[PDB]
């Protein structure tokens with residue numbers, strides 16, 4: 097695989113969004129992955145409606161602002177036959193009744209692919225597919241205050257994840273400890289968090305924060 101990958105430079109990635117005070121990170125992760133795969137297919141980058149997922153994908157198992165899963169979101173898009181654009185179905189950070197309108201659908205998928213729970217497999221997926229939906233253990237103050245560099249939290253869990261995010265690439269930089277590899281991760285806490293909304297998560301360090309434990313992408 098390549099040593100460095102950044103799908104932002106290929107046009108696959110929309111700007112950083114902000115989920116607010118709603119537990120809807122799974123929806124932002126899913127829209128990020130579907131935005132990348134739709135661009136791969138059509139060459140058009142169109143921001144997708146997280147609110148559509150929050151309001152409408154309960155039957156696939158999601159629970160709105162109380163949590164959900166990216167795979168359930170991909171299943172909704174397939175079962176529902178579409179997903180509205182962000183412009184047409186804007187984000188309100190609160191769960192409401194479903195207002196999906198197929199006339200404004202701009203995305204589709206035919207299912208999803210779950211990646212084996214290994215960072216080596218996640219690397220191959222990122223290198224060949226595009227941005228990948230992942231879940232991480234973000235429940236640490238160090239993550240809130242992250243500003244730059246490679247994020248490494250000794251107390252991070254590799255099994256209990258609480259936050260869906262999007263891997264848009266990976267790379268390296270020289271560090272004091274010579275743990276130099278990172279996943280380039282798009283968060284949904286706005287651009288004031290981290291590095292313009294992004295974090296460099298430790299890569300190849302025992303599946304740090306569980307980044308390879310629940311990785312998937314939609315088939316387009």
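Residue numbers (mature numbering (1 follows the signal peptide of the UniProt record, and there is no 0)): 97 to 316. Even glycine gets a Cβ: it sits at the ideal position worked out from N, Cα and C.
- Taking 8 Å as the cut-off, the Cβ atoms of residue 109 and residue 132 count as close.
- For residue 297, the enclosing beta strand (DSSP E) begins and ends at 294-298.
- In this structure, residue 144 sits away from residue 165, with a CB-CB distance that is not shorter than 8 Å.
- In the structure shown, residue 158 falls within a coil segment according to DSSP collapsed to helix, strand and coil.
- Pairing residue 175 with residue 196 gives a Cβ-Cβ distance that is not under 8 Å.
- The three-state reading of DSSP puts residue 283 in coil, since its state is none of H, G, I, E or B.
- By the criterion of a C-beta distance shorter than 7 Å, residue 191 is surrounded in its chain by 150, 151, 160, 161, once the five residues flanking it on both sides are discounted.
- Taking every protein chain shown into account, the CB of residue 241 has fewer than 16 other CB atoms within 10 angstroms, so this residue is exposed.
- Exposed is the label assigned to residue 207, since fewer than 16 other Cβ atoms lie within 10 Å of its Cβ.
- Cβ-Cβ distances below 8 Å link residue 286 to 112, 113, 114, 293 in the same chain, with the five nearest sequence neighbours on each side left out; the list follows chain order.
- Three or more Cβ pairs drawn from the segment 304-312 and the segment 249-263 lie within less than 8 Å of each other, which places the two stretches in contact.
- Sequence-distant partners of residue 98 (beyond 5 residues in either direction) whose C-beta falls short of 7 Å from its own C-beta, in its chain, are 223.
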